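Quick reminder, even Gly has a Cβ in these numbers, built from the backbone with ideal geometry, and neighbours come from all protein chains shown. Every read-out reported here was derived from the displayed coordinates using simple, explicitly stated rules and does not represent laboratory data.
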Amino acid sequence: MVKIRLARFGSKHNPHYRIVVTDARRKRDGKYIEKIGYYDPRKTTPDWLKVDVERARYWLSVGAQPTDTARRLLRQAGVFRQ
Amino acid sequence: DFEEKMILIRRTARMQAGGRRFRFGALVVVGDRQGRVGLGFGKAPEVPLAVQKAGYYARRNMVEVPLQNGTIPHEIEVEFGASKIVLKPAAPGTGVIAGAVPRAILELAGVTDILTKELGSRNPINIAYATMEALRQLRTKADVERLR
Amino acid sequence: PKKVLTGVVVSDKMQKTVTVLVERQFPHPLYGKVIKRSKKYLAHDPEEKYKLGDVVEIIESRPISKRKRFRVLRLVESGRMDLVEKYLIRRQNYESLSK
Amino acid sequence: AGXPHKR
Amino acid sequence: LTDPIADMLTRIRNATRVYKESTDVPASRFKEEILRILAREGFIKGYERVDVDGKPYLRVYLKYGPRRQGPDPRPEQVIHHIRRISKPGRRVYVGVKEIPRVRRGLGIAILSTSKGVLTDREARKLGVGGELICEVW
Amino acid sequence: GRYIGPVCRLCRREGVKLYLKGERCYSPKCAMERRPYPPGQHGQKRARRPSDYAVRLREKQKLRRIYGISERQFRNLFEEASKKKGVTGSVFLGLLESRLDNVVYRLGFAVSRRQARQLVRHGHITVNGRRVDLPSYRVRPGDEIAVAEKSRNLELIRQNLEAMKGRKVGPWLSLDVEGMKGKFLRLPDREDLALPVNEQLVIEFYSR
Amino acid sequence: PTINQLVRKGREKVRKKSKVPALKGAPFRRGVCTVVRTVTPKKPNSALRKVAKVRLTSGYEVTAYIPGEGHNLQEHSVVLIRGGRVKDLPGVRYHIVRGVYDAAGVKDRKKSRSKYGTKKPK
RNA sequence: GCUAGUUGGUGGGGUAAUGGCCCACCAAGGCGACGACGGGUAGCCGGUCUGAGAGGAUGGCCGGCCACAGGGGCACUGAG
RNA sequence: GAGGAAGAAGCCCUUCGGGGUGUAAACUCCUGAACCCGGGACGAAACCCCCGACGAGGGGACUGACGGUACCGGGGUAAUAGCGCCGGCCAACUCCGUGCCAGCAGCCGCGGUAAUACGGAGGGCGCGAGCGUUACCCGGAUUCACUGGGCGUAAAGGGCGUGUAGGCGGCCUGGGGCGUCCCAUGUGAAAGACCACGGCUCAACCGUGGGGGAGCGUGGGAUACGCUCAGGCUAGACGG
RNA sequence: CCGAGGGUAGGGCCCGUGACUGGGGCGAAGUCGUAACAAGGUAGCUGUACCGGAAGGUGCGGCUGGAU
Ligand code: SF4
Ligand SMILES: [Mg+2]
Ligand SMILES: [Mg+2]
Ligand SMILES: [Mg+2]
Ligand SMILES: [Mg+2]
Ligand SMILES: [Mg+2]
Ligand SMILES: [Mg+2]
Ligand SMILES: [Mg+2]
Ligand SMILES: [Mg+2]
Ligand SMILES: [Mg+2]
Ligand SMILES: [Mg+2]
Ligand SMILES: [Mg+2]
Ligand SMILES: [Mg+2]
Ligand SMILES: [Mg+2]
Ligand SMILES: [Mg+2]
Ligand SMILES: [Mg+2]
Ligand SMILES: [Mg+2]
Ligand SMILES: [Mg+2]
Ligand SMILES: [Mg+2]
Ligand SMILES: [Mg+2]
Ligand SMILES: [Mg+2]
Ligand SMILES: [Mg+2]
Ligand SMILES: [Mg+2]
Ligand SMILES: [Mg+2]
Ligand SMILES: [Mg+2]
Ligand SMILES: [Mg+2]
Ligand SMILES: [Mg+2]
Ligand SMILES: [Mg+2]
Ligand SMILES: [Mg+2]
Ligand SMILES: [Mg+2]
Ligand SMILES: [Mg+2]
Ligand SMILES: [Mg+2]
Ligand SMILES: [Mg+2]
Ligand SMILES: [Mg+2]
Ligand SMILES: [Mg+2]
Ligand SMILES: [Mg+2]
Ligand SMILES: [Mg+2]
Ligand SMILES: [Mg+2]
Ligand SMILES: [Mg+2]
Ligand SMILES: [Mg+2]
Ligand SMILES: [Mg+2]
Ligand SMILES: [Mg+2]
Ligand SMILES: [Mg+2]
Ligand SMILES: [Mg+2]
Ligand SMILES: [Mg+2]
Ligand SMILES: [Mg+2]
Ligand SMILES: [Mg+2]
Ligand SMILES: [Mg+2]
Ligand SMILES: [Mg+2]
Ligand SMILES: [Mg+2]
Ligand SMILES: [Mg+2]
Ligand SMILES: [Mg+2]
Ligand SMILES: [Mg+2]
Ligand SMILES: [Mg+2]
Ligand SMILES: [Mg+2]
Ligand SMILES: [Mg+2]
Ligand SMILES: [Mg+2]
Ligand SMILES: [Mg+2]
Ligand SMILES: [Mg+2]
Ligand SMILES: [Mg+2]
Ligand SMILES: [Mg+2]
Ligand SMILES: [Mg+2]
Ligand SMILES: [Mg+2]
Ligand SMILES: [Mg+2]
Ligand SMILES: [Mg+2]
Ligand SMILES: [Mg+2]
Ligand SMILES: [Mg+2]
Ligand SMILES: [Mg+2]
Ligand SMILES: [Mg+2]
Ligand SMILES: [Mg+2]
Ligand SMILES: [Mg+2]
Ligand SMILES: [Mg+2]
Ligand SMILES: [Mg+2]
Ligand SMILES: [Mg+2]
Ligand SMILES: [Mg+2]
Ligand SMILES: [Mg+2]
Ligand SMILES: [Mg+2]
Ligand SMILES: [Mg+2]
Ligand SMILES: [Mg+2]
Ligand SMILES: [Mg+2]
Ligand SMILES: [Mg+2]
Ligand SMILES: [Mg+2]
Ligand SMILES: [Mg+2]
Ligand SMILES: [Mg+2]
Ligand SMILES: [Mg+2]
Ligand SMILES: [Mg+2]
Ligand SMILES: [Mg+2]
Ligand SMILES: [Mg+2]
Ligand SMILES: [Mg+2]
Ligand SMILES: [Mg+2]
Ligand SMILES: [Mg+2]
Ligand SMILES: [Mg+2]
Ligand SMILES: [Mg+2]
Ligand SMILES: [Mg+2]
Ligand SMILES: [Mg+2]
Ligand SMILES: [Mg+2]
Ligand SMILES: [Mg+2]
Ligand SMILES: [Mg+2]
């Protein structure tokens, strides 16, 4: 399945993820299909999370599956607001 | 007045029965750093006299070098036989990028920013002459417009 | 788009197949000059209606056989045996190149 | 390599 | 004769160095378009169609500087340098972004485009590249 | 690390008075005003005509020994100015001045950059409120360099801030003596500082 | 040459020939001494240079130079060699690294010690 | 100089699918100085190093694709 | 770190007057790497349970290998320096020892009884937890020359014709639009590089955003030049 | 039927090595002569041919990069 997950960039002890759509069989930091936003878990900058939300819903509509901790960062960005 | 730089001092020699009778030569460039340069080659039986004649001949032969904000107006290629000098105008922050022989002539010209390259024979004497003829051939938009 | 080429026919000696000699021009990547380079394509002539000297267009298509990957698309000119002679003279000059 | 050989 | 254009430039370059008043070249429309730009840019006085032994020629009238002083009183050239770029051996085609600035503006680059023969400044302002014919200063 | 060795021989070689000590630089005990010839057995012999390479090397060692900075950091700064826009001469000087340990000296907190370094290195300094113990910190416009609260009361800083009630400070800088504060106003222009150094001769040294 | 001639033939990349073939792309190479003798140099020098003929791990057997005053090298000595020739000894293309394997450092060096395998004295 | 499944055709097998990929037969074709065939070396690229640029050199780490899993051959299971 | 003598001892040079290492040390005071104590993380809020509807949205709880680490606070000792080089290129010189020896050497070259070139010493230059050496790549090398080279005598015109492929090709007019030029459009992944800003105390490292090309696909256009097709000319060429 | 490969037989290419043999390069002070550089003491060089310890000599033709 196509999924929506965190591809850890950054450096050692300096986590910086990109919320990204990729194939589940692709490697974690591998070639993704599209970037839909970034996420700084350590909250070292005013905007440590950001989601397109329009695109995050397209892939969601066509069958992409978020991760469990990626589902939150799309919830916390209000992707699911009815 | 004009400022003097000694580019080259060499000891040549002739032959006669009894051995080598020597002689000395001096490349000296002279200029005001405001747009006047001069090159002279002085040859004498001793070093100071040759440095003397060189400066004298140098003031006898000068050149306008139309500076424009410290650089030259246009790029130029000049060959003084087997020796070739490239002069390219540069931006105000660059500097004088040249071998010792052209640099001496460009700094006393008042050139503060330029790009250069010596090609072919790097004989300092002929590089010096090739540098002078290049400056001597620099024109301005005024010179160009006034000609056409 | 299926690539479309143009070339003469240098061989009719196969069943339902003709050899189309395409040439192209391009500037030398280093020396700039415009140079010629040619390439033979084995084209599909299922009606066996094309003959020597015909300048034709071929179109990329699904494999008919090994090596056969283009179909003849349309005639363009006819009786250009002057180009065919150029090809044949060259191939003929190869006999003078051995040892 | 039979059987004797030549080499 | 393999390059009528290279011939013309060279036919001029030799006349200017012996300080000829004029020099005739075999006539062609494309040469006229080239000489039209040398006259309009001041490198020559101009040109006029002529006939020599019944043959169409282009007489070109040459310019020089004032009589100089010193041991050699030969005027400065108005054409210091005229040189073929594109040739029958290697044609040279530049896009508009690739057109060279001849002699940092003190010279021109003649080049043929589908809007006509133009100078480096004319092409860049008109926005088209083409075959770089030559360079003059 | 840094040079850490005898410092009056530096001035005697460079032929120019570099202010690397402190008060002694102004006294008649200054080695330069006392034996203004290069160190060693041959310092009093008659100098032979230096080469162009010698001249450029001498300028570079001059500028560098002024700041007490190692050749690595010195050139990495030089190369940074080469890439950036504008005249490389000024920018290389500005970035040299922007070093924290140079500001702390240029603000009179210490009488020598070598002492200003130890001030920064032992933490007695802060920037914009935060402690900063890195002598290489590139100070930006607007930063408020001050003495550490826990270190405001210390004989060396007082005596230095005392003798600073007298002097003025450069146009690009600001200082409040009573509150031990200081402010970096702008990037120094070329004419805003007169070092005994022809920076073009340092450019030309690296163009080789 | 014409531009067409260049299209046809092109320019030939100049190739460079190694001056240390026995190393076989290595920075250094181990060997064993077979002949440890002295050789006279060519004009205009006169001396008795110290040379070891070394049999390498790379299949080659070459003559290496033994730099410095005095050496402990004899037959069957294991030796590491480096590039570098001795200009005045034709055929010697390599130097023995001192302070490595059975090649002792130079006794009582003070200057340029690291080039001769001698440790710092107290 | 190279080529007998070689090059094309017909029919058929085979596969998710085109194809001499495979078999039967018929035709005598296919390729080559624009370097076929053969020999040597090499995994290719984003890039990396140098260089005024043009260029040269390189492809380790990271990302993309390919290839192999002691040396070979083989199929099975299966969306693969 | 600051101070600290017309300037200790030692060692080096000397014309025996002196000069050097050198404010260097000693010494004085200031600071306080390490270490000692105390507190102590960001990375971790989801899955889950709760209400609502097992949803949208609310509110709740458990979880850290790194680690008692970073970092903060309090205390606290003056605390490793080495390596290359000093004939010219190339920045840095004197003494002794040696006597074509022992040795140096990247090239030119040094050493034959006064060696700034060998070996040591003093001094000096350059870098600094590095400094050198070897190997290899690009540069200087415009020394494979497209940019940007040459061939009378420096290396380089084929012994000379004839001619195949190929490369190139005069003046004028028109058709096409292949080269070529222009505009639009698709692709040119991320990373990297570059500019801007920001996060680790700075930096390296790392995050965010900006700027794009060339090449190729497509669509539209221009036609001077090169190409092709067609028609005419006579200055090249051939013939009478 | 095909089939890894094993086996028989005969070819081609490459690498290493070999009694002995051929010249090559290099090596401070060996032996023989003096061919070349001056008209170098027979102008030199040359393709070829033959000869001779060795440089070389001679023939045939060529070149001036030959003195006077
Ligand atoms: S200034 Fe006088 S005292 Fe201060 S360092 Fe330079 S020489 Fe020594
Ligand atoms: Mg860590
Ligand atoms: Mg996959
Ligand atoms: Mg010359
Ligand atoms: Mg020339
Ligand atoms: Mg040269
Ligand atoms: Mg003027
Ligand atoms: Mg182009
Ligand atoms: Mg760096
Ligand atoms: Mg404190
Ligand atoms: Mg450089
Ligand atoms: Mg000798
Ligand atoms: Mg062994
Ligand atoms: Mg032993
Ligand atoms: Mg070496
Ligand atoms: Mg040493
Ligand atoms: Mg040494
Ligand atoms: Mg079929
Ligand atoms: Mg087959
Ligand atoms: Mg069959
Ligand atoms: Mg058959
Ligand atoms: Mg082809
Ligand atoms: Mg292989
Ligand atoms: Mg390999
Ligand atoms: Mg391989
Ligand atoms: Mg280059
Ligand atoms: Mg670069
Ligand atoms: Mg490659
Ligand atoms: Mg890889
Ligand atoms: Mg790894
Ligand atoms: Mg990889
Ligand atoms: Mg296998
Ligand atoms: Mg294994
Ligand atoms: Mg197996
Ligand atoms: Mg296997
Ligand atoms: Mg001190
Ligand atoms: Mg005294
Ligand atoms: Mg003293
Ligand atoms: Mg003393
Ligand atoms: Mg004393
Ligand atoms: Mg936590
Ligand atoms: Mg779960
Ligand atoms: Mg419920
Ligand atoms: Mg603790
Ligand atoms: Mg503390
Ligand atoms: Mg404290
Ligand atoms: Mg205390
Ligand atoms: Mg101490
Ligand atoms: Mg060094
Ligand atoms: Mg000297
Ligand atoms: Mg150096
Ligand atoms: Mg020196
Ligand atoms: Mg003796
Ligand atoms: Mg002895
Ligand atoms: Mg030496
Ligand atoms: Mg070296
Ligand atoms: Mg003696
Ligand atoms: Mg002596
Ligand atoms: Mg002597
Ligand atoms: Mg000495
Ligand atoms: Mg030396
Ligand atoms: Mg010595
Ligand atoms: Mg370090
Ligand atoms: Mg190293
Ligand atoms: Mg360089
Ligand atoms: Mg090159
Ligand atoms: Mg090289
Ligand atoms: Mg070469
Ligand atoms: Mg060469
Ligand atoms: Mg060229
Ligand atoms: Mg040449
Ligand atoms: Mg001839
Ligand atoms: Mg022949
Ligand atoms: Mg022809
Ligand atoms: Mg043609
Ligand atoms: Mg034409
Ligand atoms: Mg077109
Ligand atoms: Mg990219
Ligand atoms: Mg930018
Ligand atoms: Mg780009
Ligand atoms: Mg396109
Ligand atoms: Mg189109
Ligand atoms: Mg069988
Ligand atoms: Mg078989
Ligand atoms: Mg078999
Ligand atoms: Mg078997
Ligand atoms: Mg065999
Ligand atoms: Mg033998
Ligand atoms: Mg004898
Ligand atoms: Mg004789
Ligand atoms: Mg005789
Ligand atoms: Mg004779
Ligand atoms: Mg004779
Ligand atoms: Mg003869
Ligand atoms: Mg005879
Ligand atoms: Mg004769
Ligand atoms: Mg003849
Ligand atoms: Mg004669």
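Things worth noting here:
- Top positive-direction residue, dipole computed over chain B with Cβ charges, set B:147, B:57, B:17: B:17
- Tilt relative to chain E, helix E:29-40 - C-alpha long axis, 0 to 90 degrees, to 10: 70 degrees
- The residues A:47, F:176, when put in order of fewest to most other Cβ atoms within 10 Å, stand as A:47, F:176.
- GluC sites (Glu not before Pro) within the range G:4-105: DSSP coil, no more than 16 neighbouring Cβ in 10 Å: G:12, G:69, G:75
- Between helix E:4-17 and chain E: long-axis angle, C-alpha atoms, 0 to 90°, nearest 10: 30 degrees
- Coil-residue trypsin sites (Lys or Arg not before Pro) of the range F:1-58, DSSP, other Cβ within 10 Å capped at 13: F:29, F:34, F:45, F:46, F:48
- Taking the Cα centre of the range F:97-184 as reference, the dipole from Cβ charges on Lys and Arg (+1) and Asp and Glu (-1) amounts to some 220 debye.
- The loop-placed GluC sites (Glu not before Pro) in the range E:1-79, going by DSSP, that have at most 11 neighbouring Cβ atoms within 10 Å of their Cβ come out as E:21.
- When chain F is treated as a GNM with alpha-carbon contacts under 10 Å, the residue of F:129, F:86, F:94 showing the greatest mean-square fluctuation is F:86.
- Given charges at beta-carbon only (K, R positive; D, E negative), |dipole| of chain A in Debye: 260 debye
- Near residue F:62: Cβ cut-off under 10 Å, other residues only, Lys/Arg at +1 and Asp/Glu at -1. The net charge is +3.
- Total formal charge among the other residues, if their Cβ is under 12 angstrom from that of residue A:71, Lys/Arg +1 and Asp/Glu -1: +3
- Of A:27/C:66; F:62/F:181; G:16/G:87; G:42/G:120; B:117/G:9; C:33/G:17, those spanning more than 27 Å from alpha-carbon to alpha-carbon: A:27/C:66; F:62/F:181; G:42/G:120; B:117/G:9; C:33/G:17
- Mean residue ellipticity (222 nm) of the protein assembly as shown, computed from DSSP H runs ≥ 4 via -39,500 (n - 2.57), nearest 500: -7000 deg cm²/dmol
- In degrees, nearest ten, helix B:124-136 long axis to first principal axis of chain B (Cα): 30 degrees
- Rounded, prolate or oblate (a/c below 1.5 giving rounded, otherwise prolate when a/b exceeds b/c) for the protein assembly as shown by Cα gyration tensor: rounded
- Within the shell defined by Cβ-Cβ distances under 13 Å, the residues around residue G:40 carry a net charge of +4, with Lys and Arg each +1 and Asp and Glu each -1.
- Residue with peak Gaussian network fluctuation, chain G [Cα springs, cutoff 10 Å], from G:90, G:67, G:21: G:90
- Dipole check for the protein assembly as shown: with +1 at the C-beta of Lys and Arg, -1 at the C-beta of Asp and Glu, and the Cα centre as origin, the magnitude is about 4180 Debye.
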